[PDB]
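Student: If you read the protein sequences in the order shown, they are chains H, G, P, E, U, R and L. Under the authors' numbering, the first residue of the first sequence is numbered 105, with each subsequent residue one higher. Under the authors' numbering, the first residue of the second sequence is numbered 208, with each subsequent residue one higher. Under the authors' numbering, the first residue of the third sequence is numbered 1, with each subsequent residue one higher. Under the authors' numbering, the first residue of the fourth sequence is numbered 1, with each subsequent residue one higher. Under the authors' numbering, the first residue of the fifth sequence is numbered 39, with each subsequent residue one higher. Under the authors' numbering, the first residue of the sixth sequence is numbered 12, with each subsequent residue one higher. Read left to right, the seventh sequence gives residues 14 to 38, 64 to 72 (the authors' numbering). For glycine and all other residues, C-beta sits at the position ideal for the given N, C-alpha and C.
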Amino acid sequence: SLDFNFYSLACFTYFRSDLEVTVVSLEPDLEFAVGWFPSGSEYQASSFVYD
Amino acid sequence: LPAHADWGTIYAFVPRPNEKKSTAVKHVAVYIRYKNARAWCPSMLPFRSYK
Amino acid sequence: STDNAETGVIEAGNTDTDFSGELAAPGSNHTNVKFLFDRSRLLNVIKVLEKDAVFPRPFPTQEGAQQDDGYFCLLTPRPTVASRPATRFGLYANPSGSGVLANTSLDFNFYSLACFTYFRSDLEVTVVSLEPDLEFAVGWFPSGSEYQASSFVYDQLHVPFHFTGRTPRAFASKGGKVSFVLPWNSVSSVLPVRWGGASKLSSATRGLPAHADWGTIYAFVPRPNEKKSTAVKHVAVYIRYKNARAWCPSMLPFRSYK
Amino acid sequence: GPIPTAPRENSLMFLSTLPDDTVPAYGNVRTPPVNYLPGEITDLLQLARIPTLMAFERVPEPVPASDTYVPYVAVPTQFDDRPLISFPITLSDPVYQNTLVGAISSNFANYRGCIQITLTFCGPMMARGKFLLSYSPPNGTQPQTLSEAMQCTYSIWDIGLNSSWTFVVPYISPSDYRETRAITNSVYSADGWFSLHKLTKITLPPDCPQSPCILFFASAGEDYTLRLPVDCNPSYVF
Amino acid sequence: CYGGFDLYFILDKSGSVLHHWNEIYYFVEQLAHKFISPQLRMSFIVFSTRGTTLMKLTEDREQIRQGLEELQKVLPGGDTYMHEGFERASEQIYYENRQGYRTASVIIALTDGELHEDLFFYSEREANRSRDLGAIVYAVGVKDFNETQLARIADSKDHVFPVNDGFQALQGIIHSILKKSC
Amino acid sequence: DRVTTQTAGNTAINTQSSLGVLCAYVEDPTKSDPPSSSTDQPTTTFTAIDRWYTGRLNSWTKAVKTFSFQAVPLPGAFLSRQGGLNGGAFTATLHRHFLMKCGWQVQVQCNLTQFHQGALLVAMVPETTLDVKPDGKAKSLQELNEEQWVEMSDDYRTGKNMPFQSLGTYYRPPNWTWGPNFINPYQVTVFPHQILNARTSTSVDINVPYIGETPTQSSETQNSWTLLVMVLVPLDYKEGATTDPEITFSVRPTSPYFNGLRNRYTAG
Amino acid sequence: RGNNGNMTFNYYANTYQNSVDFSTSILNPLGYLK
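Take a look at the structure:
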């Protein structure tokens with residue numbers, strides 16, 4: 105991955121912002137769920153049984 | 208590589224239990240729009256072709 | 001420095017307690033307990049009712065019983081077995097055999113922060129179906145009360161009573177999700193996370209606070225009894241705490257080594 | 001006519017952190033009173049600056065009893081020039097397993113500020129020794145002998161009528177906030193080791209027992225602030 | 039004629055074997071070093087609340103020499119759920135009896151001695167199924183003695199031993215069939 | 012300094028090398044009010060019972076291990092009469108009142124020499140059940156002298172030693188791992204407590220006001236403040252020092268609150 | 014406080030929002071040593 109068109113304007117050395125996360129499914133008739141964890145942290149991965 | 212000067216990550220998953228999973232894989236895209244940005248101490252631009 | 005800790009109370013010491021240097025600015029306040037808990041969290045999943053329900057028995061139960069287990073959810077953070085308040089927490093690791101597996105539950109990540117002994121809040125009930133293209137209905141009755149279970153016929157169709165009543169219902173949309181906040185209703189004063197005590201005066205299991213709880217949510221489809229499918233289905237339930245308080249601190253769950 | 005509206009892209013979703021409230025399905029109720037029982041919590045940091053006993057690996061004599069891990073230090077009589085206890089500062093290391101700031105840090109992501117550790121002597125009053133404790137920011141290797149721990153940042157300590165010595169690890173940093181655990185053990189997440197050395201021998205009369213003991217505490221200082229929670233580790237339940 | 043002797047160990051590891059653990063160990067250490075006959079099967083399993091098996095059925099006996107010395111490693115703790123121990127034996131019994139062998143299995147148990155109403159029922163619930171395939175059942179227990187409930191998991195009152203005579207009594211019931219190895 | 016002569020009722024205790032006090036959560040703990048849930052006139056304090064009762068606890072030797080504790084409940088101690096400690100008049104009162112409500116002074120007892128070392132830890136934890144192994148029978152005065160200490164197993168650490176219930180034989184027998192009541196010994200100094208050792212002190216005190224899940228719990232079932240003593244570093248002493256020192260304790264109620272007369276309690 | 018954006022208004026009155034109590038008629067530390 106890379107953000108293609110950001111560099112072609114970028115005449116900078118340091119940057120500062122906030123962002124937003126927009127998601128869109130390409131396959132039809134789909135329902136999903138998005139997750140997130142902050143930087144300097146790491147995903148939790150296990151499973152616990154229910155019925 | 209500045210390993211801890213980043214934002215975070217988004218993962219997508221369906222709301223279903225583990226044993227009822229289909230065989231066809233599927234896809235989803237992710238979008239970002241920057242906000243309230245600042246900038247400091249200018250520099251160069253990516254080199255254009257000739258070629 | 002040069003104080004001794006054996007008096008039980010020691011304060012904190014900044015950099016200029018013994019070194020040269022000045023104290024640092026306060027960073028943030030993601031610490032206040034009525035902000036820390038306010039997070040949407042699921043506790044478990046639920047098998048959906050579709051008929052005249054029956055609810056499980058008191059503490060011993062011989063075989064040949066007829067109850068429909070795993071359809072209720074006595075929503076507390078406290079450990080629960082078979083939708084009635086237990087005192088310990090199971091994890092059925094070797095489930096082969098006969099005899100039905102009980103519905104266990106516990107609020108996993110609540111204890112790992114919990115340095116408390118008494119707790120106080122209000123909550124909210126968020127429901128979501130896992131199976132696709134589904135429409136359902138959630139019901140509820142308060143703590144210290146009990147579900148009504150019968151059926152009365154209408155035009156040859158047997159229809160149960162939990163379509164109606166006093167206590168509130170909620171009918172979802174086409175694959176929608178239902179949510180509402182729900183206040184205190186408990187006979188006792190504050191929720192205990194630890195308890196001594198027993199339920200009655202004598203001859204009781206020592207430790208379960210049977211009437212310091214919240215209530216339970218059950219799911220059911222809006223259909224008459226005789227038009228019921230053969231495939232069973234599932235639905236989850238979510239809780240987010242609100243306006244919380246806390247009292248008289250305590251320990252934390254023991255971490256492994258291992 | 002109705003007021004014209006335009007629904008945006010965010011339809012019917014629910015965010016977990018979403019700062020708003022929902023219509024109640026049953027309201028106008030009362031509650032038992034509260035005020036009689038004392039001991040409120042406004043912030044857990046009033047909680048966080050209580051002493052807590054650390055936990056260490058036992059010296060090479062494994063007693064077969066359960067969990068041979070030890071909340072003290074067994075000082076030897078013999079003269080050697082390596083430190084007594086040396087442990088890093090990464091708030092998920094197996095020395096920070098059940099300290100409070102380790103415990104309520106283990107579910108948060110970032111902190112800022114100091115970290116007090118203090119140590120309580122326990123020995124016979126006719127015994128007396130001189131112990132220094134020292135701290136160094138991350139060098140290439142680890143500072144091992146007394147010149148290296150000498151140059152950096154230390155305090156010597158007497159044995160007298162009291163029994164402790166409040167010490168505070170200073171807070172030097174590239175960036176103001178710091179992480180809580182190191183997915184890659186980088187300069188942003190570690191801050192160099194901590195050690196204590198015996199400076200002069202423990203001195204004690206006849207017919208009183210050898211090898212005294214010292215307990216360790218660990219508490220948040222003043223500037224210790226936390227931020228931005230994360231999902232927890234359920235591994236205690238298995 | 040059949041060699042037909044696969045002997046199995048059941049061991050408690052609950053709290054009450056706190057003060058007795060090396061004696062239960064010494065019993066197993068002598069019962070393993072009772073024979074030098076390789077025409078049999080061994081396996082080590084324990085019951086807490088729940089654990090796992092230790093060793094699988096193995097052929098040459100450096101492996102049980104490793105088993106008998108790793109027996110020291112486990113600490114006495116947990117509940118008394120020994121219907122799970124007979125389960126852990128029987129599950130590899132009946133699904134490693136597809137070779138067509140006639141192996142009349144035989145199981146000796148080490149129990150403290152008392153367990154209440156429901157768990158005793160689930161032990162009998164297992165124990166019917168245990169010799170439903172043709173197993174042989176045994177149990178001993180150091181306690182204030184009752185043969186009241188312990189006879190039910192056995193075939194009759196013959197095969198539930200005390201501690202006083204059972205130091206050599208169970209040796210007879212093994213060596214009265216060990217000699218017929220073919 | 013360091014001499015605290017505390018006088019109440021007709022008794023008066025002083026510990027000449029003591030340390031101070033330690034209140035909890037409010038700097039003056041004795042203040043309270045009659046409970047709001049009741050309607051009857053409550054029987055308040057009276058000077059015949061404002062008292063230090065004392066009672067002997069088990070002694071302690073070399074042979075103990077780390078984190079091994081004794082723990083005495085409250086007011087359930089007064090019922091079963093451990094260690095020559097009875098409420099006397101106080102038990103005869105609180106047998107006959109269905110609601111009971113009170114806070115507690117405690118100062119505990121040892122005195123080691125100047126050639127010893129070894130740290131105890133006097134602390135009163137709130138709202139625990141550290142007196143029962145899950146059979147359902149609360150342990151009584153006969154089975155205290157066979158152990159002299161609770162060897163701190165892992166089953167208290169993982170919360171596996173709390174009394175569970177009869178599962179019912181329609182189900183499967185479970186596989187329990189966790190309970191919300193436990194003791195984490197690396198953590199136990201978050202409660203009102205102070206290190207007692209042969210370094211500085213001999214006898215030392217705690218103090219605590221009321222906490223509760225309700226304004227007034229029941230008479231003979233609740234146990235809020237169990238107090239536990241636990242050893243962190245064992246003792247060492249040469250041949251000639253005083254073998255096996257002795258431990259007792261001193262418990263004071265402050266501002267009792269009784270409610271509801273009936274016959275003297277007879278257990279069903 | 015908590016986390017809200019409701020600096021303008023709430024819809025329901027607060028007695029319908031969350032339960033309030035009866036009538037019985064810069065932070066602080068956690069217990070001094072006197």
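In the structure shown, what three-state DSSP assignment does residue 34/P receive?
Tutor: Residue 34/P falls in the helix class under three-state DSSP.
Student: From 121/H, 117/H, 134/H and 105/H, pick the residue whose C-alpha is nearest to that of residue 244/G; which is it?
Tutor: It is 121/H whose Cα lies nearest to the Cα of residue 244/G.
Student: What whole-angstrom Cβ distance do residue 48/U and residue 142/U have, given they're in contact under 8 Å?
Tutor: Incorrect: roughly 17 Å between the Cβ atoms, too far for contact.
Student: Determine the direct distance from the alpha carbon of residue 124/E to that of residue 126/R, and round the result to whole angstroms.
Tutor: Using only the alpha carbons, I get a separation of about 5 Å.
Student: Near residue 171/P, which residues of its chain fall below 7 Å by C-beta distance, leaving aside the five closest residues on each side in sequence?
Tutor: If we look at residue 171/P and ignore the five residues flanking it on each side, its Cβ neighbours are 137 and 222.
Student: For residue 160/P, which option in 31/P, 30/P and 49/P has the closest C-alpha, if you only look at C-alpha atoms?
Tutor: It is 49/P.
Student: How should residue 80/U be labelled, buried or exposed, when 16 other C-beta atoms within 10 angstroms of its C-beta is the threshold for buried?
Tutor: The residue in question, residue 80/U, is buried, as its Cβ has 16 or more Cβ neighbours within 10 Å.
Student: Let me know if residue 151/E comes out buried or exposed under the rule of 16 or more other beta-carbons within 10 Å of its beta-carbon.
Tutor: Exposed.
Student: May I ask you to verify whether the stretch 151–168 of chain E touches the stretch 67–87 of chain E, counting CB pairs closer than 8 Å and requiring at least 3?
Tutor: Flag = no, the stretch 151–168 of chain E and the stretch 67–87 of chain E do not touch.
Student: What is the C-beta distance between residue 240/P and residue 124/P, in whole angstroms, given that I count them as a contact (C-beta under 8 Å)?
Tutor: Yes, residue 240/P and residue 124/P are in contact; Cβ-Cβ is about 5 Å, under 8 Å.
Student: According to a CB-to-CB cut-off of less than 7 Å, which residues of the stretch 117–145 of chain P neighbour chain G?
Tutor: From the stretch 117–145 of chain P, only 128 and 130 have a Cβ closer than 7 Å to chain G.
Student: Would you give the residue range spanned by the alpha helix (DSSP H) that residue 101/R belongs to?
Tutor: Unbroken alpha helix (DSSP H) run through residue 101/R: 100–105.
Student: If residue 246/E and residue 115/E are in contact, beta carbons under 8 Å, what's the gap, nearest whole angstrom?
Tutor: In the structure displayed, chain E extends from 1 to 238; residue 246/E sits before or after that span and is not available.
Student: Quick one: which chain C residues come within Cβ less than 8 Å of residue 44/P?
Tutor: Absent here is chain C; the protein component of the structure consists of chains H, G, P, E, U, R and L.
Student: Kindly identify the DSSP beta-bridge partner or partners of residue 280/R.
Tutor: Past the boundaries of the shown model lies residue 280/R; chain R is included only from 12 to 279, so the question cannot be answered.
Student: Quick check on residue 281/R: buried or exposed, where buried means 16 or more other Cβ atoms within 10 Å of its Cβ?
Tutor: This structure gives no information on residue 281/R, because the portion of chain R shown stretches from 12 to 279.
Student: Heavy atom of the ligand FAD less than 8 Å from the Cβ of residue 35/E, yes or no?
Tutor: In terms of ligand content, the structure shown is empty, and the ligand FAD therefore cannot be addressed.
Student: Is residue 219/E close to chain P, meaning its C-beta is less than 9 Å from at least one C-beta of that chain?
Tutor: Output row for residue 219/E: interface = yes.
Student: Which residue from 158/U, 160/U, 46/U and 175/U puts its Cα closest to that of residue 96/U?
Tutor: Ranking the options by Cα distance to residue 96/U, first place goes to 46/U.
Student: Is the stretch 263–274 of chain R touching the stretch 46–62 of chain R, taking contact as three or more C-beta pairs under 8 Å?
Tutor: The stretch 263–274 of chain R vs the stretch 46–62 of chain R: in contact.
Student: Return the residues of the stretch 14–35 of chain L that lie within a Cβ-Cβ distance of less than 7 Å from chain P, sorted by chain order.
Tutor: From the stretch 14–35 of chain L, only 14, 15, 16, 31 and 32 have a Cβ closer than 7 Å to chain P.
Student: List the endpoints of the continuous beta strand (DSSP E) containing residue 246/G.
Tutor: Counting along the chain, the beta strand (DSSP E) containing residue 246/G begins and ends at 242–247.
Student: Count the other CB atoms, across all protein chains shown, that sit within 10 Å of the CB of residue 61/U; report buried if there are 16 or more and exposed otherwise.
Tutor: So residue 61/U counts as exposed.
Student: I'd like the span of the beta strand (DSSP E) that includes residue 251/G, first residue to last.
Tutor: Premise fails: residue 251/G is in no beta strand (DSSP E) and is neither H nor E.
Student: Rounded C-beta distance between residue 237/P and residue 42/P? I'm assuming under 8 Å.
Tutor: Confirmed, Cβ separation roughly 6 Å.
Student: Assign residue 37/E to one of three DSSP states: helix, strand, or coil.
Tutor: Coil.
Student: Using a Cβ-Cβ cut-off of 6 Å (strictly less than) and excluding sequence neighbours within five positions of residue 204/E, which residues of its own chain qualify?
Tutor: Closer than 6 Å at the Cβ level, and outside the excluded window around residue 204/E, lie 127.
Student: Exposed or buried, what is residue 81/R when buried is set at 16 or more other beta-carbons lying within 10 Å of its beta-carbon?
Tutor: Buried, because 16 or more other Cβ atoms sit within 10 Å of the Cβ of residue 81/R.
Student: Would you mind working out which of 204/P, 44/P and 140/P sits nearest residue 105/P, comparing C-alpha positions?
Tutor: Among 204/P, 44/P and 140/P, the Cα nearest to that of residue 105/P belongs to 44/P.
Student: Residue 112/E by DSSP, collapsed to three states: which one?
Tutor: Here residue 112/E sits in strand by DSSP.
Student: Look at residue 90/R and residue 250/R and say whether their C-beta atoms are less than 9 Å apart.
Tutor: Cβ atoms of residue 90/R and residue 250/R: not closer than 9 Å.
Student: What in chain G is Cβ-close to residue 151/H, meaning under 9 Å?
Tutor: Going along chain G in sequence order, the residues near residue 151/H (Cβ under 9 Å) are 225.
Student: Assign residue 94/E to buried or exposed, taking buried as 16 or more other Cβ atoms, counted over all protein chains shown, within 10 Å of its Cβ.
Tutor: Exposed.
Student: Give the list of continuous alpha helix (DSSP H) stretches no shorter than 4 residues that lie fully inside the stretch 87–165 of chain U.
Tutor: The stretch 87–165 of chain U contains these whole alpha helix (DSSP H) runs: 101–108 and 121–132.
Student: So if DSSP puts residue 122/H in a beta bridge, which residue, or which two residues, is it bridged to?
Tutor: Note: residue 122/H sits in a beta bridge opposite 242/G.
Student: Taking the alpha carbon of residue 168/R as the point to measure from, which residue in 144/R, 182/R and 193/R has its own alpha carbon closest?
Tutor: Considering only alpha carbons, the answer is 193/R.
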